[PDB]
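Written below as structure tokens is the structure these notes are about.
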Amino acid sequence: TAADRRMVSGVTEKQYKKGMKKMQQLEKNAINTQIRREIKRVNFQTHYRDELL
Amino acid sequence: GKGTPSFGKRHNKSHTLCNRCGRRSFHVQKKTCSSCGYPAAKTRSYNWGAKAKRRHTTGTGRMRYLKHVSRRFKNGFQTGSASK
Amino acid sequence: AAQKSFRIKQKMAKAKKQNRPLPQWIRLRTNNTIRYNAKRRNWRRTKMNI
Amino acid sequence: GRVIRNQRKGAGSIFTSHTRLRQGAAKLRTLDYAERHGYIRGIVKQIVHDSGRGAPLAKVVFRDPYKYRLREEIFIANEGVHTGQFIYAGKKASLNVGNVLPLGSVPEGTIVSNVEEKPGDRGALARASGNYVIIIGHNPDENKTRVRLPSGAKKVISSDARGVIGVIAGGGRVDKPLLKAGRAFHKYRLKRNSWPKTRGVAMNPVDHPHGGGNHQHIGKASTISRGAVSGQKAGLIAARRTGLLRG
Amino acid sequence: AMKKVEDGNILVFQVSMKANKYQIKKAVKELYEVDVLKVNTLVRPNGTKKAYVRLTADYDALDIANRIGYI
RNA sequence: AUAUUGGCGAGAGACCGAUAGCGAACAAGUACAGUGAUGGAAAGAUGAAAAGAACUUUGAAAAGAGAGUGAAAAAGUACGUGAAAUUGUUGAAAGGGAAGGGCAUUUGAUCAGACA
RNA sequence: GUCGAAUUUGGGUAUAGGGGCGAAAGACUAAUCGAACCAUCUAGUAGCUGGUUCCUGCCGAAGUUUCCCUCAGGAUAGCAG
RNA sequence: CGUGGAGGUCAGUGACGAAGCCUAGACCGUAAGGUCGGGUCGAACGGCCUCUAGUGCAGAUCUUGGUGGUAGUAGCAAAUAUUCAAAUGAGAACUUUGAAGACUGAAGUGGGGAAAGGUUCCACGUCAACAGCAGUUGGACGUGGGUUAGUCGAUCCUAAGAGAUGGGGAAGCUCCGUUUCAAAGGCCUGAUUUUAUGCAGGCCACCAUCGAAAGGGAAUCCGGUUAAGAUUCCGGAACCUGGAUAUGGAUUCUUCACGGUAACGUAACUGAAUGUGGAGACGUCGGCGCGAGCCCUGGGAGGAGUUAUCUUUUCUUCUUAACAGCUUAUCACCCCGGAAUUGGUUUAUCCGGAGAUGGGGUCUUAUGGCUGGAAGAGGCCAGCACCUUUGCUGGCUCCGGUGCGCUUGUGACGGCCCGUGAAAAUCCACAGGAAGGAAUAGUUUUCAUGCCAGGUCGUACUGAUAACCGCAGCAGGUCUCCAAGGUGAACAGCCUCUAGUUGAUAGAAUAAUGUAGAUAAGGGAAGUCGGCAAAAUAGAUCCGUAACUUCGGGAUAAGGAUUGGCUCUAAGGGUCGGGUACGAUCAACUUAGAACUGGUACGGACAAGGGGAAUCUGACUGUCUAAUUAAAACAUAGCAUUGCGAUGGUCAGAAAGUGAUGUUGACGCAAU
RNA sequence: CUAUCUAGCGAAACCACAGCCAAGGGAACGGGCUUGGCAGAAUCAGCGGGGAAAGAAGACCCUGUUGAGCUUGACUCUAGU
RNA sequence: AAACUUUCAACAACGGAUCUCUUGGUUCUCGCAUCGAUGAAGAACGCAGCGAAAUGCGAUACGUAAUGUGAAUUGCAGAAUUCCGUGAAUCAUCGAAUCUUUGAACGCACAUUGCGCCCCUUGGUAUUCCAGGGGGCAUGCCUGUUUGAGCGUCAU
Ligand SMILES: [Zn+2]
């Protein structure tokens, strides 16, 4: 069991849960950053055919 | 269709991993890589790609031997046992 | 593929070992500007081109 | 403009001849001491059909004169030969349909085939299915013989040049119409990549000197000069006469 | 791997990457002073090599695992 | 004596101060895109010290309300100050097919000082 | 529409930019083809279009002459400070 | 006037709060702007005289970042469909089990794989995000576990082709060329008492190397087993290659076996150089013969279903692997014999004095039969026990039939072609007669047996309406294998069995306009650029078929009639006492005919041609503008013209001891 | 089956400020200006008159001492022969 | 009258401007000359008691040996005089070593963890076969050595 490997080396069972919930949110703001900034120049194509007339 | 229905027929690679620079550029049919020409002796480098020499020149790696030559010069390429 | 070469099995075994979060004792050092594992790949999002 | 499709042929690269199924280079055996003094006997083991030639081949086998071995040669088989017939080869050989004789030894008025121009090029003159050469006189002084060719042209060559006796097998091959594009396709499937010939006037100005126009015509005179350069040479190249001869 | 030690006489080791089934059959003879029936080998998806060496019918696998000390 | 926008070691500035200065003050030629040559970012600041909120109570839990630490959580890891667009509650007022502005005064609000 | 064949198709391999390849449409050559993509010379040039950041004071125009491959532009004289 | 920095000065302001920011609070200035109060806030900053500039924004379809109105709006509507109870849970349209209902329907929504992905596989935790509703579930998050090879693939060999050396070009990176204008090697024993080695006596003169997880190829099968692995593990049973290698048998005192007229036979049964031969080794189509698996099916031995009535009933298990022994054939061949009154014979017309028919044999062993493998396995039942590990004991596992069936393997043949439909590695055999050898001896390791070893890398899973590519969990795209029952010509369509799924935001209402599908009185193209769109006809059997024609067609021309159900009759086969008029007999589904019968209905759903008369134009089949043009354009066969006899024609290269046509030769190549 | 109503989820094009007409004049076809007609919160489903609605520095035409594809006895050359 | 719409202020929200910072850039000056067949630059894969990356390193793998300093490292665990000491440390220095697979890359090859060959030795009845170890095997060119070739050529 590698669960005790945490408990001897710093981390506690409780500190992992509040630590990962911050960590799983620290990646949440960054992916919310990537979707927001890129959304302007992502529809900006190059060779669109214009199927009209 | 030349777009979405013809992007489905793409399942055969044309470049693989180079053995001397380790990136997917070794073209299999030509049998020569394209970021540095690997069956050639000297690596491929051009002064119109000034940026593409920043990614590959001396200093972007470990420099396993060259990082000690400046220290060995200061002492003067000495040898032998050290001291007391 | 299934019948694969060794120098792509040597590459997908390295990617297995790098498919790990940040160790939680890293965030407790003195000047620790790291907060998560930003080079972390997943087979849904980013294909590795090997 | 582009380079036109008669300029793209010298690079080969799709236009090379399809040579998977061909038996080999059909050639007379080399000129040796057996074939200048006396003859040497060989037997037609089989008559095969090589792909991309209108004439059958013959795989005669000659025993090695200097080693203990067999040496197989490929001849272009001419009419009347068969398997198990003996082929005699040299100066002092007989005169029957299948033997290969130097052109001094044959009388004037005979027909032979697969003649060699120079005395040792191993035979390269009248080889397609049904074409001979007709000997029309010797010359014991200067050591020369003059022959006429399948084209009607008269040519004087050496007298030591060899040639098998008889009209090449295959016979009247072109008397039968192909009737289909599917039969001309398979003919050129084993020759080279030149069969569906787009007319030049159908093309655009880039693709051909004939091409372009709001009608389909050539525009300038289709007889091209001789010292014209690579890319102008489309149409009759140096047409002395043109048109139908009598009417 | 404990099921292979207890049922069969199969000792499971992690071997180095450059070993070639004669250097493993001879290693277990020299390290553990036993006899080996047959060595099998796979390369694990973490890039290491795993060797299913197999003791032969009179050496027992539980006694060798207990003398080593992983029970 | 001369050249030196690379290398190594030094010193300096009427230079730039995180949309600036090198593309990069930070795991930056990094993540990522392309079959490929190549393209290539964003991203700095709690506090002097983590003293990073023990305990109580409501909730299934996140959290909330107390309590506690602190010079200060109007600094609580979404952390210096925290502007505007835009938004919520409260307060004032106005409003018949726009709103806003100019001159003049009534009314309400508000501010005022030489003599005060 | 064709459906046993000038058939359809996998993998291998060949031909690469004024070049390839074309049963010929200037078609196709990685969503790019009457000349691909990438980097560089390159901040190419523009008599042409848009923009051009604080206040107050005083004076205040011209669309006309002559020459120009000159006519959406300049030089020169004029008016102006 | 304002701003970023610089020299000077105010011994300027400041933790007792500098800069900033906020403030329908105050004041000054015509204005640019300056000053003050309050709130906030926490470490630096101003006045004045001068210096300096990356110094003042409302705009540039400005640049980067941020945010709005639209707006709780458009919408979340293809792929037939979901419902009830219970359990878990804070929470259930959505998770799990059970019960229903259905669908894909064997060219599957099934079981596998090649690419490609790379840990998605599997278990235990867990729901912040993701799963465009939900979530307790997950291809998600967190931690781990998991892929076993003498036989399976790679490795090995060659294909189209890549490519070094020698050389020759090139200022040069490099280019040509692949046996090339080369001094390009190894190897048998005589040598074998030095085995150093010398004459040996010749030698593949081809002479790198790479190129296929679909071609070529030494050898493995069955049963069990895992949360996740199997031709890999375990158990049994085999085979191959590389070795050593001793017995038994064989042969030999004429040293290198006998038998048969012969085709040939066997447990063995010396054979170097060198030479030759075979195998590897090959197209496609059509019918016919045979085999295997499946399908259908009778009896018996079991188990479950139905039962008010009926049903010796409906469903289901009854299986045999690689390998080894003995045997088994079309074809081919040998012998005896001598054919017109021509015989033999195939579905298909070929064979015979170059020796048929006939009689007797020989061989290949695809394939099938028996036996070993192996019933001990597996399958189906019945019984009695229980720890979890686990069982334990009895039975049974049988005998047939059938065929234009389906798939597939193959045999002998036939058709086609101006198309005759790969190459090496490797393996054996023959010709040859070098060399060696017997009496306790050799040859034997191609005869039987015995002993050892078989390395390296891949192996999980998906292979697609969710694991690949398309910005994604995208109706698109992506190579291939096996394939049940009924209807029917059929792998059509429709319905079901094995197996899989029941996923796609749902609830209520049934306005308009839509989209998809329908129907219509009377008229029947009056609509419209135009019969666009829809309708009609359709399967089968029998009858009947024109102009024109290149005599092949036109032609399913046009046009007409019948079709269900039930009871029947006749015809078409095989085996047997009587064919040198007949009899019981097993076993096919096929056509024709007739009565009787019904709301005159019958290819009853499904499936399934509209036809004719002429003109223009291209002969046809075929190809093209991927994503607005499928055509009368391109192609074609046919015809004709021109160039060229190789010291050459057309073309390529910067060049060359360079190349395409050319592994070519006028019946050819090239250009039209 | 949508649309419609509800629970959950929830974008975009576009937008100077915005939104009742008649005549007048005007850059010669006004939502605003001038003179009249008038005019009552908040709104829901439709609808296609208008917003010279949105889409893209007109693809036609002209101008440029701006290009490119192609042609020939244009001018200047050039591989080849 | 409310709701709603608009304006302003307060507090809250969104958002990250401003201000003050700065181990980073930039330009200028000054000093030195130091890569590689003794295997470089670059690459791939590895290595820590708990590491994913960065930095460091190579199966002796966040290092070893040596010298210097003289008591730490620290997120946690662990280790304690090792503390009047041949001695702590993620210290500095650095002269001794190691340096996987590669790469000019060098036995041949390389989309292969593919295939050889010589030598010393070890093991399996073993000069021949299989296997473990150790050391070699690229090309051009120069100088020397050794062995040859050539009626090129000179005496015998
Ligand atoms: Zn490379």
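Chain labels run A, B, ... following the order of the structure tokens; each chain numbers its residues from 1, and ligands are numbered from 1 in the order shown.
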
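When the distance limit is 12 Å and only C-alpha atoms (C1' of nucleotides) are what count, the residues near residue 52 in chain A, minus those fewer than 3 positions from it on the same chain, are residues 48 and 49 of chain A; 627 and 628 of chain H; 55 of chain I.
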
Write the residues of the preceding selection, restricted to N, CA and C atoms (P, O5', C5', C4', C3', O3' and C1' of nucleotides), as a PDB file, in the first residue's frame.
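Output below, filename out.pdb:
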ATOM      1  N   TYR A  48     -11.578  29.663 -47.375  1.00  0.00           N
ATOM      2  CA  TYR A  48     -12.998  29.335 -47.326  1.00  0.00           C
ATOM      3  C   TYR A  48     -13.669  29.556 -48.684  1.00  0.00           C
ATOM      4  N   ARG A  49     -14.484  28.581 -49.107  1.00  0.00           N
ATOM      5  CA  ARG A  49     -14.945  28.458 -50.491  1.00  0.00           C
ATOM      6  C   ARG A  49     -16.101  29.387 -50.856  1.00  0.00           C
TER       7      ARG A  49
ATOM      8  P     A H 627     -17.300  16.869 -55.106  1.00  0.00           P
ATOM      9  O5'   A H 627     -17.328  18.374 -54.609  1.00  0.00           O
ATOM     10  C5'   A H 627     -18.461  19.197 -54.834  1.00  0.00           C
ATOM     11  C4'   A H 627     -18.156  20.657 -54.615  1.00  0.00           C
ATOM     12  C3'   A H 627     -17.023  21.240 -55.448  1.00  0.00           C
ATOM     13  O3'   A H 627     -17.354  22.580 -55.779  1.00  0.00           O
ATOM     14  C1'   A H 627     -16.570  21.580 -53.177  1.00  0.00           C
ATOM     15  P     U H 628     -17.785  22.975 -57.270  1.00  0.00           P
ATOM     16  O5'   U H 628     -19.256  23.532 -57.104  1.00  0.00           O
ATOM     17  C5'   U H 628     -20.370  22.661 -57.036  1.00  0.00           C
ATOM     18  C4'   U H 628     -21.545  23.270 -57.746  1.00  0.00           C
ATOM     19  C3'   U H 628     -21.537  23.119 -59.253  1.00  0.00           C
ATOM     20  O3'   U H 628     -22.094  21.893 -59.672  1.00  0.00           O
ATOM     21  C1'   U H 628     -22.000  25.361 -58.676  1.00  0.00           C
TER      22        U H 628
ATOM     23  P     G I  55     -22.183  43.437 -42.824  1.00  0.00           P
ATOM     24  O5'   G I  55     -21.897  42.077 -43.583  1.00  0.00           O
ATOM     25  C5'   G I  55     -21.435  40.937 -42.886  1.00  0.00           C
ATOM     26  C4'   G I  55     -21.248  39.771 -43.816  1.00  0.00           C
ATOM     27  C3'   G I  55     -20.557  40.076 -45.125  1.00  0.00           C
ATOM     28  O3'   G I  55     -19.166  40.352 -45.072  1.00  0.00           O
ATOM     29  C1'   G I  55     -22.437  38.773 -45.573  1.00  0.00           C
TER      30        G I  55
END

At a cut-off of 8 Å, using only C-alpha atoms (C1' of nucleotides), what residues contact residue 117 in chain D? Leave out same-chain residues fewer than 3 positions from it and give the result as number ranges by chain.
D: 121, 123-125, 157-158, 161

Output N, CA, C and O atoms for every residue in that selection, as a PDB file, in the first residue's frame.
ATOM      1  N   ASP D 121      27.807  -7.069 -83.048  1.00  0.00           N
ATOM      2  CA  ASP D 121      26.809  -6.392 -82.180  1.00  0.00           C
ATOM      3  C   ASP D 121      25.736  -7.396 -81.750  1.00  0.00           C
ATOM      4  O   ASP D 121      24.717  -6.960 -81.191  1.00  0.00           O
ATOM      5  N   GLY D 123      23.502  -9.019 -83.465  1.00  0.00           N
ATOM      6  CA  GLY D 123      22.235  -9.058 -84.221  1.00  0.00           C
ATOM      7  C   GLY D 123      21.228  -7.984 -83.873  1.00  0.00           C
ATOM      8  O   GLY D 123      20.539  -8.140 -82.863  1.00  0.00           O
ATOM      9  N   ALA D 124      21.128  -6.947 -84.705  1.00  0.00           N
ATOM     10  CA  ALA D 124      20.124  -5.892 -84.460  1.00  0.00           C
ATOM     11  C   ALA D 124      19.673  -5.253 -85.774  1.00  0.00           C
ATOM     12  O   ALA D 124      20.019  -4.093 -85.963  1.00  0.00           O
ATOM     13  N   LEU D 125      18.953  -5.954 -86.654  1.00  0.00           N
ATOM     14  CA  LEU D 125      18.512  -5.248 -87.889  1.00  0.00           C
ATOM     15  C   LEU D 125      17.059  -5.542 -88.266  1.00  0.00           C
ATOM     16  O   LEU D 125      16.273  -4.590 -88.335  1.00  0.00           O
ATOM     17  N   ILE D 157      26.667  -3.426 -95.766  1.00  0.00           N
ATOM     18  CA  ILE D 157      27.254  -3.725 -94.475  1.00  0.00           C
ATOM     19  C   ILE D 157      28.451  -4.640 -94.684  1.00  0.00           C
ATOM     20  O   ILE D 157      28.837  -4.944 -95.811  1.00  0.00           O
ATOM     21  N   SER D 158      29.043  -5.073 -93.580  1.00  0.00           N
ATOM     22  CA  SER D 158      30.157  -5.994 -93.655  1.00  0.00           C
ATOM     23  C   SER D 158      29.679  -7.357 -94.121  1.00  0.00           C
ATOM     24  O   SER D 158      28.495  -7.681 -94.072  1.00  0.00           O
ATOM     25  N   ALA D 161      29.052 -10.219 -91.120  1.00  0.00           N
ATOM     26  CA  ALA D 161      27.921 -10.011 -90.241  1.00  0.00           C
ATOM     27  C   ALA D 161      26.956 -11.171 -90.377  1.00  0.00           C
ATOM     28  O   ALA D 161      26.693 -11.640 -91.481  1.00  0.00           O
TER      29      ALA D 161
END

Residues of chain J no more than 12 Å from chain A, counting only C-alpha atoms (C1' of nucleotides): send them over as a list in words.
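That gives the following set of residues: residues 49, 50, 74, 75, 76, 77 and 78 of chain J.
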
Just N, CA, C and O atoms (P, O5', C5', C4', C3', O3' and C1' of nucleotides) for this one: save the residues we selected as a PDB file, in the first residue's frame.
ATOM      1  P     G J  49      17.853   7.488  -2.319  1.00  0.00           P
ATOM      2  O5'   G J  49      16.542   7.174  -1.489  1.00  0.00           O
ATOM      3  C5'   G J  49      16.021   5.863  -1.418  1.00  0.00           C
ATOM      4  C4'   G J  49      14.665   5.875  -0.776  1.00  0.00           C
ATOM      5  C3'   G J  49      13.629   6.715  -1.493  1.00  0.00           C
ATOM      6  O3'   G J  49      12.988   5.984  -2.521  1.00  0.00           O
ATOM      7  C1'   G J  49      13.651   7.271   0.804  1.00  0.00           C
ATOM      8  P     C J  50      12.229   6.734  -3.716  1.00  0.00           P
ATOM      9  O5'   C J  50      10.762   6.950  -3.151  1.00  0.00           O
ATOM     10  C5'   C J  50       9.915   7.945  -3.694  1.00  0.00           C
ATOM     11  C4'   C J  50       9.030   8.542  -2.636  1.00  0.00           C
ATOM     12  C3'   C J  50       8.404   9.876  -2.986  1.00  0.00           C
ATOM     13  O3'   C J  50       7.242   9.754  -3.778  1.00  0.00           O
ATOM     14  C1'   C J  50       9.378  10.020  -0.850  1.00  0.00           C
ATOM     15  P     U J  74      18.589  22.873   2.407  1.00  0.00           P
ATOM     16  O5'   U J  74      17.337  22.386   3.244  1.00  0.00           O
ATOM     17  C5'   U J  74      16.442  21.447   2.687  1.00  0.00           C
ATOM     18  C4'   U J  74      15.513  20.884   3.724  1.00  0.00           C
ATOM     19  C3'   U J  74      14.393  21.788   4.174  1.00  0.00           C
ATOM     20  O3'   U J  74      13.326  21.836   3.257  1.00  0.00           O
ATOM     21  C1'   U J  74      15.356  20.722   6.042  1.00  0.00           C
ATOM     22  P     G J  75      12.636  23.237   2.953  1.00  0.00           P
ATOM     23  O5'   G J  75      11.080  22.951   3.045  1.00  0.00           O
ATOM     24  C5'   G J  75      10.456  22.717   4.293  1.00  0.00           C
ATOM     25  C4'   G J  75       9.271  21.805   4.132  1.00  0.00           C
ATOM     26  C3'   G J  75       9.334  20.507   4.906  1.00  0.00           C
ATOM     27  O3'   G J  75       8.972  20.639   6.262  1.00  0.00           O
ATOM     28  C1'   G J  75       8.778  20.027   2.690  1.00  0.00           C
ATOM     29  P     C J  76       9.910  19.989   7.381  1.00  0.00           P
ATOM     30  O5'   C J  76       9.436  18.478   7.450  1.00  0.00           O
ATOM     31  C5'   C J  76       8.073  18.153   7.647  1.00  0.00           C
ATOM     32  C4'   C J  76       7.759  16.791   7.096  1.00  0.00           C
ATOM     33  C3'   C J  76       8.488  15.634   7.743  1.00  0.00           C
ATOM     34  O3'   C J  76       7.948  15.225   8.978  1.00  0.00           O
ATOM     35  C1'   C J  76       8.642  15.428   5.410  1.00  0.00           C
ATOM     36  P     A J  77       8.946  14.767  10.142  1.00  0.00           P
ATOM     37  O5'   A J  77       9.590  13.425   9.588  1.00  0.00           O
ATOM     38  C5'   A J  77       8.872  12.210   9.680  1.00  0.00           C
ATOM     39  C4'   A J  77       9.430  11.134   8.783  1.00  0.00           C
ATOM     40  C3'   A J  77      10.704  10.454   9.237  1.00  0.00           C
ATOM     41  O3'   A J  77      10.508   9.510  10.271  1.00  0.00           O
ATOM     42  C1'   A J  77      10.883  10.962   6.960  1.00  0.00           C
ATOM     43  P     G J  78      11.402   9.600  11.600  1.00  0.00           P
ATOM     44  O5'   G J  78      12.825   9.043  11.159  1.00  0.00           O
ATOM     45  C5'   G J  78      12.967   7.775  10.540  1.00  0.00           C
ATOM     46  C4'   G J  78      14.237   7.722   9.738  1.00  0.00           C
ATOM     47  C3'   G J  78      15.506   7.976  10.527  1.00  0.00           C
ATOM     48  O3'   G J  78      15.996   6.811  11.161  1.00  0.00           O
ATOM     49  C1'   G J  78      15.498   9.344   8.612  1.00  0.00           C
TER      50        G J  78
END

Ligand 1: which residues are within 8 Å, counting only C-alpha atoms (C1' of nucleotides) and all ligand atoms, as a list in words?
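Every residue with an atom at most 8 Å from ligand 1 is listed here: residues 17, 18, 19, 20, 21, 22, 23, 24, 25, 26, 33, 34, 35, 36, 37 and 38 of chain B.
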
Take the selection from the previous step and output its residues with N, CA and C atoms, as a PDB file, in the first residue's frame.
ATOM      1  N   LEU B  17      10.748   8.940 -36.591  1.00  0.00           N
ATOM      2  CA  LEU B  17      11.696   9.537 -35.667  1.00  0.00           C
ATOM      3  C   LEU B  17      13.107   9.481 -36.230  1.00  0.00           C
ATOM      4  N   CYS B  18      13.779  10.626 -36.248  1.00  0.00           N
ATOM      5  CA  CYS B  18      15.171  10.695 -36.652  1.00  0.00           C
ATOM      6  C   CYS B  18      16.032  10.077 -35.572  1.00  0.00           C
ATOM      7  N   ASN B  19      17.185   9.552 -35.956  1.00  0.00           N
ATOM      8  CA  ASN B  19      18.028   8.908 -34.963  1.00  0.00           C
ATOM      9  C   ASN B  19      19.105   9.812 -34.406  1.00  0.00           C
ATOM     10  N   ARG B  20      19.397  10.944 -35.039  1.00  0.00           N
ATOM     11  CA  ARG B  20      20.445  11.809 -34.531  1.00  0.00           C
ATOM     12  C   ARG B  20      19.927  13.078 -33.887  1.00  0.00           C
ATOM     13  N   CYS B  21      18.676  13.471 -34.140  1.00  0.00           N
ATOM     14  CA  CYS B  21      18.073  14.592 -33.436  1.00  0.00           C
ATOM     15  C   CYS B  21      16.760  14.232 -32.782  1.00  0.00           C
ATOM     16  N   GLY B  22      16.228  13.047 -33.041  1.00  0.00           N
ATOM     17  CA  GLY B  22      15.174  12.491 -32.206  1.00  0.00           C
ATOM     18  C   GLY B  22      13.829  13.159 -32.327  1.00  0.00           C
ATOM     19  N   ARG B  23      13.509  13.693 -33.495  1.00  0.00           N
ATOM     20  CA  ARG B  23      12.212  14.303 -33.711  1.00  0.00           C
ATOM     21  C   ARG B  23      11.638  13.766 -35.002  1.00  0.00           C
ATOM     22  N   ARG B  24      10.310  13.814 -35.125  1.00  0.00           N
ATOM     23  CA  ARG B  24       9.615  13.184 -36.250  1.00  0.00           C
ATOM     24  C   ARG B  24       9.876  13.972 -37.515  1.00  0.00           C
ATOM     25  N   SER B  25      11.032  13.726 -38.096  1.00  0.00           N
ATOM     26  CA  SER B  25      11.342  14.320 -39.375  1.00  0.00           C
ATOM     27  C   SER B  25      11.985  13.364 -40.346  1.00  0.00           C
ATOM     28  N   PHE B  26      12.371  12.163 -39.939  1.00  0.00           N
ATOM     29  CA  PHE B  26      13.073  11.251 -40.826  1.00  0.00           C
ATOM     30  C   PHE B  26      12.115  10.705 -41.864  1.00  0.00           C
ATOM     31  N   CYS B  33      16.462  12.603 -43.244  1.00  0.00           N
ATOM     32  CA  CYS B  33      15.702  13.453 -42.345  1.00  0.00           C
ATOM     33  C   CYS B  33      15.649  14.862 -42.893  1.00  0.00           C
ATOM     34  N   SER B  34      14.836  15.721 -42.305  1.00  0.00           N
ATOM     35  CA  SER B  34      14.624  17.032 -42.885  1.00  0.00           C
ATOM     36  C   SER B  34      14.831  18.184 -41.932  1.00  0.00           C
ATOM     37  N   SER B  35      15.057  17.948 -40.648  1.00  0.00           N
ATOM     38  CA  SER B  35      15.493  19.018 -39.768  1.00  0.00           C
ATOM     39  C   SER B  35      17.002  19.102 -39.667  1.00  0.00           C
ATOM     40  N   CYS B  36      17.684  17.962 -39.654  1.00  0.00           N
ATOM     41  CA  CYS B  36      19.106  17.859 -39.947  1.00  0.00           C
ATOM     42  C   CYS B  36      19.257  16.645 -40.835  1.00  0.00           C
ATOM     43  N   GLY B  37      19.940  16.794 -41.958  1.00  0.00           N
ATOM     44  CA  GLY B  37      20.014  15.689 -42.891  1.00  0.00           C
ATOM     45  C   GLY B  37      20.830  14.561 -42.315  1.00  0.00           C
ATOM     46  N   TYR B  38      20.180  13.480 -41.911  1.00  0.00           N
ATOM     47  CA  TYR B  38      20.887  12.532 -41.059  1.00  0.00           C
ATOM     48  C   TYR B  38      21.856  11.628 -41.816  1.00  0.00           C
TER      49      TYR B  38
END

Check: which chain C residues lie within 7 Å of chain J using only C-alpha atoms (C1' of nucleotides), as a PyMOL selection string
chain C and resi 6+18+20-23+25-26+28-29+37

Keeping only N, CA and C atoms, take the residues you just selected and write them out as a compact mmCIF listing (two decimals), in the first residue's frame.
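Ended up saving to again.txt:
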# COMPACT_ATOMS: atom_id res chain seq x y z
N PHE C 6 10.41 -1.35 -31.09
CA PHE C 6 10.85 -1.12 -29.72
C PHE C 6 11.07 0.35 -29.44
N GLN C 18 5.50 9.81 -17.16
CA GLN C 18 5.28 11.24 -17.05
C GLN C 18 3.81 11.60 -16.94
N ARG C 20 1.58 11.71 -14.60
CA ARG C 20 1.52 11.78 -13.16
C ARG C 20 1.24 13.21 -12.74
N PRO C 21 0.45 13.43 -11.69
CA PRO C 21 0.25 14.80 -11.21
C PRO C 21 1.47 15.35 -10.49
N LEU C 22 1.34 16.51 -9.91
CA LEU C 22 2.43 17.01 -9.09
C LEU C 22 2.48 16.22 -7.79
N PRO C 23 3.66 15.84 -7.30
CA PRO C 23 3.74 15.31 -5.94
C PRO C 23 3.37 16.39 -4.93
N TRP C 25 4.14 16.93 -1.83
CA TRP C 25 5.14 17.52 -0.96
C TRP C 25 5.99 18.55 -1.67
N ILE C 26 5.81 18.74 -2.97
CA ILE C 26 6.53 19.79 -3.67
C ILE C 26 6.01 21.16 -3.27
N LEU C 28 5.21 22.43 -0.59
CA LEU C 28 5.50 22.83 0.78
C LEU C 28 6.91 23.34 0.98
N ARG C 29 7.72 23.45 -0.06
CA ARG C 29 9.08 23.92 0.12
C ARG C 29 9.10 25.44 0.28
N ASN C 37 1.24 20.40 -12.43
CA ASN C 37 2.09 19.76 -13.43
C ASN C 37 1.60 20.18 -14.81

Near residue 65 in chain J, within 12 Å and counting only C-alpha atoms (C1' of nucleotides), which residues show up once chain neighbours fewer than 4 positions away are dropped, as a PyMOL selection string?
(chain B and resi 81-82) or (chain J and resi 60+94-98)

Exercise: residue 78 in chain G partners within 10 Å, only C-alpha atoms (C1' of nucleotides), chain neighbours under 5 positions left out, as a list in words:
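That gives residues 62, 64 and 65 of chain G.
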
Generate the output file for the selected residues, C-alpha atoms (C1' of nucleotides), as a PDB file, in the first residue's frame.
ATOM      1  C1'   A G  62      -5.840  78.413 -52.861  1.00  0.00           C
ATOM      2  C1'   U G  64      -4.983  80.297 -61.240  1.00  0.00           C
ATOM      3  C1'   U G  65      -0.019  81.203 -65.020  1.00  0.00           C
TER       4        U G  65
END

Please report as an NGL selection string which residues of chain H come no farther than 12 Å from chain D, using only C-alpha atoms (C1' of nucleotides).
:H and (159-161 or 274-276 or 417-423 or 620-623 or 633-647 or 649-653 or 659-672)
